Amino acid sequence: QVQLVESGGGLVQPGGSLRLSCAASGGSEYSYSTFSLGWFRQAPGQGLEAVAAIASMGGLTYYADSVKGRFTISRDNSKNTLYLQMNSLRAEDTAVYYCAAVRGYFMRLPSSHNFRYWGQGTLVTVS
């Protein structure tokens with residue numbers, strides 16, 4: 001039902017910052033806040049990995065080892081939008097970033113299997 005669209009991707013210099021957004025549409029009968037959200041990424045030559053997530057019911061956040069303390073996941077429910085703030089970007093951060101959502105929750109950094117809805121992805125190139 002819910003469609004997700006990433007935005008904000010682009011080229012950034014190493015050490016720089018960047019914010020990505022993800023707009024959700026559809027499923028109006030469904031409270032946006034009931035969805036747990038997450039950011040994943042797939043760097044060239046690697047598999048899809050979890051980056052950050054925020055659980056519905058309490059808003060607890062989880063981050064991947066290499067981004068903890070550098071990235072921040074947040075949401076603007078009035079806009080049905082998910083954001084991710086990135087700092088101190090490195091070449092290893094180059095990848096297509098995907099937002100995901102699910103009507104359920106998790107209590108640790110969730111894997112891709114935990115999410116039902118997915119966006120098409122946005123490319124972030126760090127050079």
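Following the authors' numbering, the numbering of the sequence shown begins with 1 at its first residue and continues without gaps.
All residues carry an ideal CB built from backbone N, CA and C; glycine is no exception.
- Here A91 is exposed. Its C-beta has fewer than 16 other C-beta atoms within 10 Å.
- Nearest to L60 by alpha-carbon distance, out of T72, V67, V2, is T72.
- Counting C-beta atoms within 10 angstroms of its own C-beta, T122 has 16 or more neighbours from the protein chains shown and is therefore classed as buried.
- If you draw a 10 Å sphere on the C-beta of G45, you find fewer than 16 other C-beta atoms in it, and that means exposed.
- Linking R70 to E29 through their CA atoms gives a straight-line distance of about 35 angstroms.
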